[PDB]
Amino acid sequence: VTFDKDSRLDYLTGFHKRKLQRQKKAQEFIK
RNA sequence: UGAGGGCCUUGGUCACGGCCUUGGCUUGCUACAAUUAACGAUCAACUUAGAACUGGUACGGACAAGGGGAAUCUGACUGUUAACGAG
């Protein structure tokens, strides 16, 4: 394994886009 | 070429005007053209329907009800750290 800055920035800076993406997927599935 | 009207006139007749007779614009019948009258004339009819000045549109620029975010425990419970609950 390796330690890469891009992956850690992607994980840390997010936590909000992922949640809204999951909400959109659930909403469209319900529709 | 026959008829009817108009201007002429000639004799006889009755006191300029009647009566009886004599010879020279409309319409009728026939003969050759026209049938693109597919034209012209005349009488009679005919007047101007338009009003109103409503909004939603896509665009350009600020408001919009109001402190936000993440993860766990937990409650009914699908096809991705799923979702949901003003827990």
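First residue of the first sequence: 29, per the working numbering; consecutive thereafter. Ideal placement from N, C-alpha and C gives every residue a C-beta, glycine not left out.
Could you tell me the boundaries of the alpha helix (DSSP H) in which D38 lies?
The sequence position of residue 38 within the first sequence is 10, counting from 1. That run of the alpha helix (DSSP H) goes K33 to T41.
Whole angstroms are fine: how far does the CA of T41 sit from the CA of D32?
Locating residue 32 in the first sequence gives position 4, where the first residue counts as 1. Locating residue 41 in the first sequence gives position 13, where the first residue counts as 1. For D32 and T41, the distance between alpha carbons rounds to 14 Å.
Measure the C-alpha to C-alpha separation of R50 and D34 and round it to an integer number of angstroms.
Translated into positions along the first sequence, residue 50 becomes position 22. Translated into positions along the first sequence, residue 34 becomes position 6. Rounded to whole angstroms, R50 to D34 spans 22 Å at the Cα level.
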